[PDB]
Amino acid sequence: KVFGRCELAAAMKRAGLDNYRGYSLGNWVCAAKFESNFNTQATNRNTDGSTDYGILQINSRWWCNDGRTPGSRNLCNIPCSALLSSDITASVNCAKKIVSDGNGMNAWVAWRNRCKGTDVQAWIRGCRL
């Protein structure tokens, strides 16, 4: 499913992401925009052989199991396919563990390079939440 901006903001809010670990909701909506363009089904393979899955492009090297990434750790204990669902719950629960891992949202390269230090507030402007 390709989410609408405000539609995604609301689902993430309900899921408890607004201000989780100190990151306002705009940060999360900006990161999804640049990571997957709001598409739950987005996948991207990396040179190391791992693949990124879903709305938040969670990597198979550490967080989920896709059965084809030798040495992966599956820290969120879920098949990577679960992250492509129209229901974002799994992606959100895993993202919560990732952002708590020590490096915050810097774990997401698109956030670091395109959202960090910008007016992320604009990403939820106009939405009824």
# chains A, B, ... in the order shown; residues from 1 in each chain; ligands from 1
>>> residues_around(residues="residue 15 of chain A", least_positions_apart="4", cutoff="10 Å", atoms="only C-alpha atoms", output="compact mmCIF listing (two decimals) with N, CA and C atoms, in the first residue's frame")
# COMPACT_ATOMS: atom_id res chain seq x y z
N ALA A 9 0.95 9.71 8.83
CA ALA A 9 1.20 10.42 10.08
C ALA A 9 0.28 9.91 11.20
N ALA A 10 -1.00 9.80 10.88
CA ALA A 10 -2.01 9.33 11.81
C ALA A 10 -1.76 7.88 12.24
N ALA A 11 -1.45 7.00 11.30
CA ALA A 11 -1.18 5.60 11.65
C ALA A 11 0.05 5.47 12.57
N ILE A 88 1.17 -1.23 9.06
CA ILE A 88 2.53 -0.88 9.46
C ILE A 88 3.00 -1.30 10.85
N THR A 89 2.14 -1.95 11.62
CA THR A 89 2.50 -2.36 12.98
C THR A 89 3.88 -3.04 13.16
N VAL A 92 6.70 -0.61 12.57
CA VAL A 92 6.80 0.32 13.68
C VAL A 92 7.45 -0.32 14.92
N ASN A 93 7.04 -1.54 15.28
CA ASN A 93 7.63 -2.23 16.44
C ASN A 93 9.12 -2.48 16.25
>>> atom_distance(atom1="atom CA of residue 71 of chain A", atom2="atom CA of residue 104 of chain A")
23.4 Å
>>> closest_residue(among="A:74, A:108, A:48, A:100", to="residue 36 of chain A", atoms="only C-alpha atoms")
A:108
>>> atom_distance(atom1="atom CA of residue 8 of chain A", atom2="atom CA of residue 29 of chain A")
7.1 Å
>>> residues_around(residues="residue 91 of chain A", least_positions_apart="6", cutoff="10 Å", atoms="only C-alpha atoms", output="PyMOL selection string")
chain A and resi 40+53-58+76+78+80+82-85
>>> select_by_dssp(residues="chain A", states="helix (DSSP H, G or I)", output="VMD selection string")
chain A and resid 5 to 14 25 to 36 80 to 84 89 to 99 104 to 107 109 to 114 120 to 123
>>> closest_residue(among="A:79, A:86, A:6, A:13", to="residue 41 of chain A", atoms="only C-alpha atoms")
A:86
>>> residues_around(residues="residue 5 of chain A", least_positions_apart="3", cutoff="10 Å", atoms="only C-alpha atoms", output="list in words")
residues 2, 8, 9, 10, 29, 30, 32, 33, 37, 38, 123, 124, 125 and 127 of chain A
>>> closest_residue(among="A:117, A:129, A:59, A:110", to="residue 12 of chain A", atoms="only C-alpha atoms")
A:129
>>> select_by_dssp(residues="chain A", states="strand (DSSP E)", output="VMD selection string")
chain A and resid 43 to 45 51 to 53 58 to 59
>>> atom_distance(atom1="atom CA of residue 118 of chain A", atom2="atom CA of residue 35 of chain A")
16.0 Å
